[PDB]
Amino acid sequence: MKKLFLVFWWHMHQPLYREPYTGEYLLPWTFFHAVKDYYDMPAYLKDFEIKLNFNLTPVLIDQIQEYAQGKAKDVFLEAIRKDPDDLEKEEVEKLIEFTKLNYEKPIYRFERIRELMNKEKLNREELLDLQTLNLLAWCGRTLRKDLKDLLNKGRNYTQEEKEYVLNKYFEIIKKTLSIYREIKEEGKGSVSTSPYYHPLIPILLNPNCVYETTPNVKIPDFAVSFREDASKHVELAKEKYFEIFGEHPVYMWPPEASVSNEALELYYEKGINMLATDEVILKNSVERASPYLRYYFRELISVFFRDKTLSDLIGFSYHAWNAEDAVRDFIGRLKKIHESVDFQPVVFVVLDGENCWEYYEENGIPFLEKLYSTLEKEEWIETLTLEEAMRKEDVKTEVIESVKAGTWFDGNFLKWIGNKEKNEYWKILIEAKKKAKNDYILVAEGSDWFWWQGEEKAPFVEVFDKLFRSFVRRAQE
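Mapping the sequence shown onto the authors' numbering, position 227 (from 1) lands on 227, and the numbers just tick up by one.
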């Protein structure tokens, strides 16, 4: 029997929300995705005998550790924890606005929330419900059993019960890095990392590479070299990975799937043996561009190209489908791939691992349980760890000599550079680099800051702007 090899690679990342002067976590996204996704996504492997792989950025690991140790001062979480009698008017406003931002997501479908958003003022009992329901909206798969009593209650929560939920949530965070060590130990999945602060390595190495795909773009004058910083992101990530798992990483996920000829050379020189990127970059780089092969870049480092449509279906499309229909659609497309080639194809499914589920009915649990159990039963599908994909002998391979630099957004860099506001961040970065004194310059090179710059209706953009500029200032003083 001829098989289809299926490789899931779930990418987990948060930029550093910790303001460097106050030490305060200015947004709660790391806490909420930790309690909802970072433990529970690998925990599926307890119930399903498949292979699933994970990427953890070192800056995410750093924050998970600080929450687990009870040291993270999270300003929003403080607004949730406090007795409503002690809430500042500013904290009440932030709670209300967080609810409004998340109100349409299926994980926020509690009728009590709809009642609370329609009242003019909130008394103490109503604020208690708002605080606790915001907490419960982010309940992960594992805790949905232990907390079923509180979830079915739906209203009239007490301060005691809210503190119970918080206790259990931190228990999940405390167990998170351990579950990644375990799945790696048991051979149920590979764990990779990224350059430390999730930067755009190709631009740090050679900003002119943006012209390979957007020749008419205007970028600032990069009057200072970042090539050494790019090395450091990779080197510090390897040291961070060595601290958590005791081994040097052999696999890395390039942030935003971004690669270039020089970045692949850097990854190779730092001992990385395999990475993945996006099939838009493949289509831009080689003529007959099948994403189902193991590629060898200059016979020195292995490269897989993710199947973009399958990755995007999970990441953006299936939230709006019934689980049964979505899984049938997914398995059907795999069947078509399987029958379309005479070799055993390798299908890489790579996407953010924590951001899509909040838009799915029941936080994606019906979909994933149906998907995983259905994949388990197909004799002609074999899921692989990254190690198994890297070394599998009965696959088709091809040598590739060069790539067009890009990312998985349209194969170019326009989401992070090229317009006036984004260029101004780079201008700030360049000037700050000239008198940088410490590794906070590395924090400011993270991709996230340049993604949000310019987007005037994106949520909490002022916070991202504040964080970026604080790191830039801290880096010089």
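Here a beta-carbon is modelled for each residue, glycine too, at the ideal position from N, C-alpha and C.
Rounded to the nearest angstrom, the gap between the Cα atoms of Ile337 and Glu398 is 18 Å. Bounds of the beta strand (DSSP E) holding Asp278 are 274-278. Contact between the stretch 171-187 and the stretch 214-222 is absent, with fewer than three C-beta pairs closer than 8 Å.
Assigned with DSSP and collapsed to three states, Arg306 falls in strand. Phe330 is not a Cβ neighbour of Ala276, given a cutoff of 7 Å. Taking the C-beta atoms as reference points, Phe367 is found nearer than 7 Å to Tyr360. Approximately 15 Å separates the beta-carbon atoms of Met12 and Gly364; this is outside 8 Å, ruling out the contact.
One Cα belongs to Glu279, the other to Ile301, and the distance between them is close to 17 Å. Looking at the DSSP output, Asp352 sits in a beta bridge with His11. Excluding the 5 residues flanking it on each side, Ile244 has same chain C-beta neighbours closer than 7 Å at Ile61, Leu177, in chain order. According to the DSSP assignment, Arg124 belongs to the alpha helix (DSSP H) that extends over 124-137. Counting along the chain, the unbroken alpha helix (DSSP H) around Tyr440 starts and ends at 440-444. For a cut-off of 8 Å, the C-beta gap from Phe5 to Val395 is around 7 Å, short enough to register as a contact. Per DSSP, the continuous alpha helix (DSSP H) segment holding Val463 begins and ends at 461-474. Rounded to whole angstroms, the gap between the alpha carbons of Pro28 and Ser192 is 24 Å. Counting along the chain, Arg18 sits inside no alpha helix (DSSP H), nor does DSSP assign it H or E at all. For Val75, the uninterrupted alpha helix (DSSP H) run begins and ends at 75-81, by DSSP. According to the DSSP assignment, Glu88 belongs to no beta strand (DSSP E), since it is labelled neither H nor E. Here DSSP, grouped into helix, strand and coil, assigns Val341 to coil. As the crow flies, the alpha-carbon of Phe343 is around 52 Å from that of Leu77.
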